[PDB]
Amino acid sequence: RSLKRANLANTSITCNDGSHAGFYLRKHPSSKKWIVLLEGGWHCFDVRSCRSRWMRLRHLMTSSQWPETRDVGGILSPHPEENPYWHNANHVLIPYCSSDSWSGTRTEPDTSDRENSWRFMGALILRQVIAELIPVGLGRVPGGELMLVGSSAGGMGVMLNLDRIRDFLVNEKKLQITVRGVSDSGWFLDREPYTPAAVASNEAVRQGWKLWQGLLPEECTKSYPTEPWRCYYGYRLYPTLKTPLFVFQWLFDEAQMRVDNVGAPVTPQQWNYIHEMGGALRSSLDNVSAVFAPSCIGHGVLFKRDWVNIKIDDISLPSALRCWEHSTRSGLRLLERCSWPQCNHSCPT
């Protein structure tokens, strides 16, 4: 049966347009394990991008179109064939309606522009959802677990908020619970674009950070006192992250191709750029302890039925995630050993 819509008790926590935020829940009768998944879908960082987003992707800026139930595959599927190790866990979906990579703390619209009217509350939404799971069972029985997982902007969202959420549950609330995070397709790089963009990658990030009042991890901003927004990049944040984080990243990630302004690749120049992009991604993952990085073009995987089919060295993604789970109960570096696009026989399409 489906994930059912739920409300937040604090009605001041809202989506971009002021509609109330919320989540979807499928409670399991006896599990003490919880999978909380953050949806993604880019972001907006100024008046023009946010107007375009409202016109083209309205459902990401409001809860007014949310249905009463949702069905999500992959790691939130209740079917053992599709979700071999977490089918019988408590499942939570948090829709993305804040356009701020789950970092925003801006309760009222920016004073700078009285014409920029959007609320950016992503960080406060996540914190409120985790708070509302507690009276519904999260951490109630000692020995329980929380895996906080996210795709795309949700993957960033996990990285940004993981240590805070862990500290809230374990230190503030005194729960006897193991917390871990998974970032799927949220590991982005700032690098020279294929051709010059309308605005520098880093310039959009800085503007967003200001507009959203982005809440960034304290340990990471200490390393970047003059440019704290560098902490939106996973490879910059990772060295000071204390809580276990599994990283899934397609080596030829389609969102990174859009960031790098490659275009739909139809020339050898574009393809060579993509080949090199893959190598840069691979290098950027050098210090990650638990990584699953196939040589395929894609974006997102954790909500997809075919997540069970992607394999590296004949090890499936759910199998790798399960082995990471075992090893962090108090990891595997699976990066493709061939370097070129679609050299993995199990690539989806």
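Just count from 1 along the sequence shown to find any residue number.
J.: If you count the residues of the deposited sequence that sit between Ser330 and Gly331 but have no coordinates, do you get none, 1 to 3, 4 to 9, or 10 or more?
T.: 4 to 9 residues lack coordinates between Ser330 and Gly331.
J.: Going by the B-factors listed in the PDB entry, is the mean over the C-alpha atoms higher for 38-46 or for 318-326?
T.: Higher mean C-alpha B-factor in the PDB entry: 38-46.
J.: Looking only at CA atoms, which has the higher mean B factor in the entry: 207-215 or 181-189?
T.: Comparing 207-215 with 181-189, the higher mean C-alpha B-factor belongs to 207-215.
J.: So if I compare the CA B-factors in the entry for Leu124, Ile130, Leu175, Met156, which one is the largest?
T.: Reading the PDB entry, the winner on C-alpha B-factor is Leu175.
J.: Which is it among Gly74, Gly263, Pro244, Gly150: the one with the largest CA B-factor in the entry?
T.: That would be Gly263.
J.: Select lowest, middle or highest to describe the third in which the CA B-factor of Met55 falls within its chain in this entry.
T.: Highest third, going by the recorded CA B-factors of the chain.
J.: Going by the CA temperature factor in the PDB record, which third of the chain does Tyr194 belong to: lowest, middle or highest?
T.: Highest third - that is where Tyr194 ends up once the chain's C-alpha B-factors are sorted.
J.: What third of the chain, by the recorded C-alpha B-factor, contains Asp100?
T.: Tercile = lowest for this residue's CA B-factor.
J.: Please place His91 in the lowest, middle or highest third of its chain by C-alpha B factor as given in the entry.
T.: Tercile = lowest for this residue's CA B-factor.
J.: Split the chain's modelled residues into thirds by Cα B-factor; is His299 in the lowest, middle or highest one?
T.: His299: CA B-factor falls in the lowest third of its chain.
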